[PDB]
Amino acid sequence: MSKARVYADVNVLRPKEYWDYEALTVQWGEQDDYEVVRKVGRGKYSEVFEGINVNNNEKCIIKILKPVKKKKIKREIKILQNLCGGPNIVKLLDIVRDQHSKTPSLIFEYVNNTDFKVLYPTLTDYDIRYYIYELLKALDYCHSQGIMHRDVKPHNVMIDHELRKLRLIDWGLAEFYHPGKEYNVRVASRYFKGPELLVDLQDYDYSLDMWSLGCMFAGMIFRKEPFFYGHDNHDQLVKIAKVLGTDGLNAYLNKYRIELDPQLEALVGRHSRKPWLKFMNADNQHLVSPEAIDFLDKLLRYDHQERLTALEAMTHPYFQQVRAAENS
Ligand SMILES: O=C1CCCCc2cnn3c(NC4CC4)nc(nc23)Nc2cccc(c2)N1
C-alpha cells in the first residue's frame, strides 16, 4: 500500500465538484472565433495549429482533438480549468466544437517555443537551473492542487527563450490523485516512464512526475537526449537497471512485493550501479557540477517514495542563485 508523502488529502478536503470531472457540463464558445494559421504539432490524440483570435487579433494555439471518449475529454478540461492561473501552467482560453462533426478544439495561449532539440544544446549552466526551477514551480503547484501530470517531457515544456517564459503543457494524460487508487500504467512517454510504470505498480502518485523531471534534467546536464534510450517498456527498464544497478531494483521490488514477468527479469539480468560521473565528458563537463549531480541523484530513485518532492527540489542548493535572483 503506497501513498503520496505530501498533498495526499487535497482532493479529500475539497468539494466533490473539484475532482468529480464526469459531473462537468462543458460550456462551448464560438468556433469561428479562432482561425487556423498553420499546423505546428501533433499527437496521437490531436492536431495542433497556430491560430488567431478573430476578436483581439492575438495569437493562440488550437488543439483539435481526434475521436475521444466523453470521460477522457472532461478530465483534461476539468484539470485545465482547475489549474488555470497557476505558476507556469498553460492557459486554456476557450473550448469549441464543430457542429456537424462534433470535433472539439481546445484553445490555448500561444508560446513562441523553440524545438528543445535545438534549444537545449545552447542553454548555459544557469539557464538550465533557471528553466528547471520554473518547471518545478508548475509541478509543485499542480501536485498541491491534487493533480499528477503524468507526461512530463521536453515536448510538453514550451519555452520562449527570448522572454525566458516557460509553460507546462498538454494535460491529456493528467489525473487527480486519490490515496490508494490504482492507476493505468500506460501513461508518460518512452524514455521518461518511471520504474513504477515499468513494473506495474499502479498505486503511484505525484512522485512519478519527479522521475520524468529527473530524466529531463539528466539529458540536459549530460547533453544526452534522451538520457535513457530504450525501445519498448521492457528495454526501457533494462536501460535504467544498467545505470542504477539491479540491487536497488531488487530492493525496490521486494519493498512493494512486486514480481517481474519471467521474460523481463531475464532481460534485466544483473548490473552494478554506475556513478553519475561516468557520464561526464568534454561536451557536458561545464554542466556536471556536484550540486547538479546531488540533485539528479535525489530524483532518479527506483523507490518513488524516496524521490524529492517538487517543493523539496526547489529548495535544493543547486537552485540557490535562481532563488536569490527571484527574492530580489
Ligand atoms: O496540449 C497540447 C497543446 C498545447 C497548447 C499550448 C502551446 C503554446 N504554445 N505552443 C506551441 N508553440 C510552438 C508553435 C510555436 N506549440 C505547441 N503547443 C503550444 N505544440 C504542441 C504540439 C503537440 C501537442 C501539443 C502542443 N499539445
Side-chain angles (χ1 to χ4, degrees), residues 21 24 26 28-29 31 33-53 56-69 71-98 103-120 122-123 131 134-135 137-139 141-142 145 147-176 187-192 209 212-213 216 225-226:
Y21 63 82
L24 174 66
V26 181
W28 313 89
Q31 130 136 6
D33 279 304
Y34 310 102
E35 280 176 37
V36 175
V37 174
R38 51 183 176 173
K39 186 167 182 175
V40 292
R42 47 63 187 178
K44 48 178 165 298
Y45 306 117
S46 64
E47 295 198 73
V48 185
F49 314 77
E50 179 193 331
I52 175 175
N53 184 321
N56 50 51
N57 298 72
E58 297 184 317
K59 298 185 179 182
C60 65
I61 287 294
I62 302 177
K63 175 182 187 174
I64 306 184
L65 307 185
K66 297 175 177 181
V68 56
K69 297 301 182 180
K71 185 180 176 183
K72 188 183 185 310
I73 194 179
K74 288 191 175 187
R75 190 178 69 181
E76 174 167 6
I77 291 176
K78 188 60 180 178
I79 284 172
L80 285 173
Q81 301 180 315
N82 288 347
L83 301 178
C84 200
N88 302 318
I89 303 295
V90 68
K91 278 215 170 189
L92 177 62
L93 306 178
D94 213 331
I95 306 173
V96 302
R97 71 194 305 196
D98 173 58
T103 297
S105 297
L106 302 186
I107 312 308
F108 300 99
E109 64 178 286
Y110 177 84
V111 176
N112 184 199
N113 178 69
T114 293
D115 176 31
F116 72 100
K117 294 185 173 68
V118 171
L119 175 67
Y120 291 19
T122 72
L123 296 180
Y131 287 122
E134 288 303 300
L135 180 53
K137 284 181 186 170
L139 288 173
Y141 177 70
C142 70
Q145 300 310 293
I147 291 161
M148 304 181 274
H149 186 280
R150 309 198 301 178
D151 194 22
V152 171
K153 63 182 174 180
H155 320 242
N156 285 331
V157 176
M158 293 295 92
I159 295 180
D160 182 318
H161 195 33
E162 172 66 5
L163 297 181
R164 296 181 80 71
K165 179 179 59 185
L166 176 155
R167 297 281 183 278
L168 174 47
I169 70 163
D170 206 330
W171 300 74
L173 287 182
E175 248 295 12
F176 293 79
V187 294
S189 297
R190 173 188 180 188
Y191 309 135
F192 305 90
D209 295 329
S212 296
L213 172 64
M216 202 168 123
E225 216 302 277

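Every number for a ligand or one of its atoms is a count from 1 in the order of the listing. Just the heavy atoms: all of them, side chains too, but no hydrogens, waters or symmetry mates, feed the values below. Numbers here simply count residues along the sequence, with the first being 1.
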Identity and separation of the nearest protein heavy atom to atom 16 (N) of ligand 1: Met158 SD, 3.6 Å
Shortest protein heavy-atom distance from atom 26 (C) of ligand 1, along with the residue and atom involved: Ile169 CD1, 3.7 Å
4.0 Å heavy-atom contact, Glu50 with ligand 1: no
Identity and separation of the nearest protein heavy atom to atom 6 (C) of ligand 1: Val90 CG2, 3.5 Å
Ligand 1 to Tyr110 polar contact by distance, N or O atoms, under 3.5 Å: no
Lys72 charged N/C atom sitting above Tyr45 aromatic ring, 6.0 Å / 45°: yes
Any N/O pair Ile61/ligand 1 closer than 3.5 Å: no
Part of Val48 with heavy atoms under 4.0 Å of ligand 1, whether side chain, backbone, both or neither: side chain
Heavy-atom pair with the smallest gap, counting every atom of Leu80 and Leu106: CD1-CD1, 4.1 Å
Part of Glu109 within contact of ligand 1 (heavy atoms, under 4.0 Å): backbone
Closest approach of any protein heavy atom to atom 1 (O) of ligand 1, naming residue and atom: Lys63 NZ, 3.0 Å
Contact check: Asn113 vs ligand 1, nitrogen or oxygen atoms, below 3.5 angstrom: no
